[PDB]
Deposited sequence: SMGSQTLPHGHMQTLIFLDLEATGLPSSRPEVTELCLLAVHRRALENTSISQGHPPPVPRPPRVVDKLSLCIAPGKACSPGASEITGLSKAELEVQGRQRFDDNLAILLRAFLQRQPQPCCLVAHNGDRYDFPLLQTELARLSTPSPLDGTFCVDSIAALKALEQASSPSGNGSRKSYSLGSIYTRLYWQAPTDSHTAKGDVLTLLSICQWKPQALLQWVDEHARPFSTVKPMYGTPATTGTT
């Protein structure tokens, strides 16, 4: 069966649920102000109560000072001493990804239209090769539209699935956990959709140059 149809890039061994905050919308040429990652091995994914997070999870959450003000705030990030999106941050990201079993796939809500192009732009500014260049990515809006076979905001999906209000809405810290919960609704089905739709992060076009 499936003689001509195969996964594009094999089974993904790590899913990295990703959310970010930024100074504004694309035409403003925005900068990332917060980045939150939750890295889960596929085995941790191999009304309904809200699933508890897997016991083995790697997490990274960083606040990042932008060069220009938001439409978080630049001034408050600066009085908390936050540093820019820089080479040391790339070292950190590279070392964090290196601890994950490969292939690794980012999962971000609206990542295809926002988070992934923005991250591509931020990483392009740095001297060192992008640490995401061997990683894959998918957009969880597409995933949940496929699985629910309607708003596709993160909070609306969570309430539609779990019939209770989400926690800490519209913050990267809270929303990345909400994203994980939504992806644990049908975890085997989610993994299969991710395997089938993962694409190389290197093919993501920068938001701006």
{"query": "Regions of the deposited sequence not represented in the model", "finding": "47-54, 80-87, 166-175, 236-243"}
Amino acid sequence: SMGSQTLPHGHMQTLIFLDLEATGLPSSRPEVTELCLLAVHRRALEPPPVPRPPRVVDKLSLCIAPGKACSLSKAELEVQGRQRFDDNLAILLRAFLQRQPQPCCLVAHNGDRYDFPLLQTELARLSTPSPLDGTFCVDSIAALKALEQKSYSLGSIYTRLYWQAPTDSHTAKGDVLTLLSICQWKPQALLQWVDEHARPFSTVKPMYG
From here on, numbers count along this sequence of modelled residues.
item: Between 61-69 and 33-41 (mean CA B-factor, as deposited), the higher; value: 61-69
item: Mean C-alpha B-factor comparison - 151-159 and 169-177, higher one; value: 169-177
item: Most elevated Cα B-factor in the entry, residues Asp115, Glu122, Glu78, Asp139; value: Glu78
item: Selection by C-alpha B-factor (highest) of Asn88, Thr128, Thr135, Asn110; value: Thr128
item: Within-chain third of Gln83 by Cα B-factor, per the entry; value: highest
item: Chain-wide C-alpha B factor ranking for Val56, given as lowest, middle or highest third; value: middle
item: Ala143 - which third its CA temperature factor falls in, relative to the rest of the chain; value: middle
